[PDB]
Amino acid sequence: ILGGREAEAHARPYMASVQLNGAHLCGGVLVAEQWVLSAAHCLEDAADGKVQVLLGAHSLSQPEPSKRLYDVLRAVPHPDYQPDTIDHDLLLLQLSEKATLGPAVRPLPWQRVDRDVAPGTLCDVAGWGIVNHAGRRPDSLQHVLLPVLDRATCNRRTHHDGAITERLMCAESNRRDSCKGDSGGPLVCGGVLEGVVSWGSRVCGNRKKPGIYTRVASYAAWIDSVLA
C-alpha cells in the first residue's frame, strides 16, 4: 500500500493473506465461514506451489493469539477469466475447514445491490503489499483511504477512448495506491465490501493511470452460486 499508515491490530477482522509456500502472495477477504474472496491472476503467479490463507493476522511474522493458517480445499476462479486480460479478475477460495470466528476473524458483508459508489467518496483499502518505490514489504497490515473517481473519468483515464466496463471502478493512484502484493484485497466503502483490488501498480509510486478494482455487486449472482 503506497502512502498509507499501519492499521490498528485486528480492527479489520475480514482481512486475509493468501500465501504461497509461506510468503504473502495476495490479499483476500473472508466473505463466509469457509470462503475467501481474492483476485484470479494471483493463481497465475503460483504455478507449482502450495497456496494457503492466513487469518486473524496483523503482523505476518509475529505470533498472535488469533492467527490461524488454513489449507485451500478448492480454488474457484471466475469462469470467464482469461490470463493477461483484466476483467473477471475474481477468485473464490474454499478453506480446508470452516474458520474459527471471533473478534479478530469475521466475514465482511459485500454489496449485492448494483449501484455506483458516489464519486468523491473515500473508501478503505488494506493490504501487505509494497509500500514504497524501493520495493520495501511491510510486516504489519497497512491501509489507505482512496477517493472513487466517476466512471467517465475512469473510462477516459484507463482505456483511452473506448469504454471502461460497468463491472470495474477506479480510485485515484497519484500519491496513495495499491502496489504489488495488494491484489485480491478489499476496497471497503461505508462498512461494505464494494470492490476487490485488481492488478497492483506496476512500479509502486509512479503510475499515472488510476487504480482499478472489480465491483463485487456486478458478480453477486456468481458469488452466490459458488457459496450455495
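Numbering starts at 1 and runs along the sequence shown.
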Task: Entry-level comparison of average CA B-factors, 125-133 and 75-83, reporting the higher stretch - done: 75-83
TODO: Look over 187-195 and 45-53 in the entry and identify the one with the greater average Cα temperature factor.
DONE: 45-53
Task: Criterion, highest CA B-factor; candidates, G205, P13, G211, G22 - done: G22
- [ ] Taking the values exactly as deposited, rank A152 by C-alpha B-factor within its chain and report the matching third: lowest, middle or highest.
- [x] highest
Open item on the list: Which third, lowest, middle or highest, does the C-alpha temperature factor of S38 belong to within its own chain?
Closed with: lowest
Open item on the list: Is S59 in the lowest, middle or highest third of its chain when residues are ranked by C-alpha B-factor?
Closed with: lowest
TODO: Consider only the C-alpha atoms of the modelled residues in this chain, order them by B-factor as the entry records it, and name the third containing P107: lowest, middle or highest.
DONE: lowest
Open item on the list: When the deposited Cα B-factors of this chain's modelled residues are ordered and cut into thirds, is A99 in the lowest, the middle or the highest one?
Closed with: highest
